[PDB]
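For the protein sequence lines, the chains are E and U, in the order given. Take 15 as the starting number for the first sequence in the numbering used here and just add one per residue. Take 11 as the starting number for the second sequence in the numbering used here and just add one per residue. Notes to accompany the following structure.
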Amino acid sequence: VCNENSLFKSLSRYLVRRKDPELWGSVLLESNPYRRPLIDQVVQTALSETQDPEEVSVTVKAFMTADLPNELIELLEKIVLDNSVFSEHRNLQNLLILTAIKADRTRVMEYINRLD
Amino acid sequence: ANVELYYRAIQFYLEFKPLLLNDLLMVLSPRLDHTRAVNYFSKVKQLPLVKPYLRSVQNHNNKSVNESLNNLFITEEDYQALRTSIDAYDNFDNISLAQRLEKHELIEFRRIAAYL
């Protein structure tokens, strides 16, 4: 029903509640052209709640396991990076630098320069 | 998120409404590829017009910041504020700076050459 017509923020909410990475892999299988608009909705909606990194971890697992490549995850990285509840580094900056490696882009410099 | 937006809009206002652009440059501060912007302004030579924002973000102590202020002073031929600036940060060489000053025709400024 959703992709048919909806603001899929609610769908995310279902996801960010129903912790089912396999359900992501269902959502995330790249043959859906509408996979782009929905991820464009998640790149801001998923961050709204920000209570505990459970679904965060789960969705980044889904990303790396479905191999969500550069240009896709680093979005998540930087957005959760800047001034969130999470100023800690639970593999956060670490996968950040890993993506920096998989990216090899000048951005890495200032990323360091903000990293601690 | 994506930033090409910024470049397009600024190129426009540059071309159309720089009076309406300056302010915006300030408003778009936090997340920025500042150095690419300053390279672009070098290309457009109108960095002296965007000087306010420059003096604003002066804090971050980047090579770009340095060279910007330096050439602005060269063109400007100021020393007092130049003294302040050069003392404010360190992330830049001074050899070429000494080369500039050694013929500055102004021992007052060549005094600063000796200082550095």
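Using N, Cα and C, we set each Cβ at its ideal position, and we do this for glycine too.
Mind listing the chain E neighbours of residue i? Cutoff is C-beta to C-beta under 9 Å, in chain order.
i, result
"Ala11(U)", "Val57, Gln58, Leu89, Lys92, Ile93"
Listing by chain order, which chain U residues have their CB less than 8 Å from the CB of residue i?
i, result
"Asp96(E)", "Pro40, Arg41"
What's the C-alpha gap between residue i and residue j?
i, j, result
"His103(E)", "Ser78(U)", "35 Å"
"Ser101(E)", "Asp34(E)", "26 Å"
"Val54(U)", "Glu68(E)", "48 Å"
"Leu52(E)", "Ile105(U)", "54 Å"
"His44(U)", "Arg32(E)", "40 Å"
"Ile126(E)", "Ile93(E)", "15 Å"
"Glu14(U)", "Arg46(U)", "11 Å"
"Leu86(E)", "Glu112(U)", "52 Å"
"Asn97(E)", "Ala11(U)", "15 Å"
"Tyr16(U)", "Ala98(U)", "29 Å"
"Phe119(U)", "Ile96(U)", "12 Å"
"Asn101(U)", "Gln21(U)", "29 Å"
"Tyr125(U)", "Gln56(U)", "30 Å"
"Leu95(E)", "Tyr89(U)", "40 Å"
"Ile122(U)", "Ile84(U)", "13 Å"
"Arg18(U)", "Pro58(U)", "20 Å"
Can you name, in chain order, every residue of its own chain whose Cβ lies under 7 Å from the Cβ of residue i, other than the five neighbours on each side?
i, result
"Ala80(E)", "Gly39, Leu42"
"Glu88(E)", "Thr113, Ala117"
Ordered along the chain, which non-local residues of its own chain (more than five positions away) have a Cβ less than 8 Å from that of residue i?
i, result
"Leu82(E)", "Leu42, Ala76"
To which residues of the same chain is residue i closer than 6 Å at the C-beta, ignoring the five residues directly before and after it?
i, result
"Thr59(E)", "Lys23, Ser26"
"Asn71(U)", "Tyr99, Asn101"
"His114(U)", "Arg120"
"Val56(E)", "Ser26"
Quick one: which residues of the stretch 36 to 47 of chain U get their C-beta closer than 9 Å to a C-beta of chain E? List them in chain order. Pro40, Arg41, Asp43, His44, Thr45, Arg46
State whether the stretch 38 to 47 of chain U contacts the stretch 61 to 75 of chain U, with contact taken as three or more CB pairs (one from each stretch) at a distance under 8 Å. yes
Contact the stretch 26 to 44 of chain E vs the stretch 59 to 79 of chain E: 3+ CB pairs below 8 Å: yes
Taking one C-beta from the stretch 56 to 63 of chain E and one from the stretch 21 to 28 of chain E each time, how about it: are there three or more such pairs within less than 8 Å? yes
Check whether the stretch 13 to 30 of chain U and the stretch 105 to 113 of chain E touch, using three or more Cβ-Cβ pairs below 8 Å as the test. no
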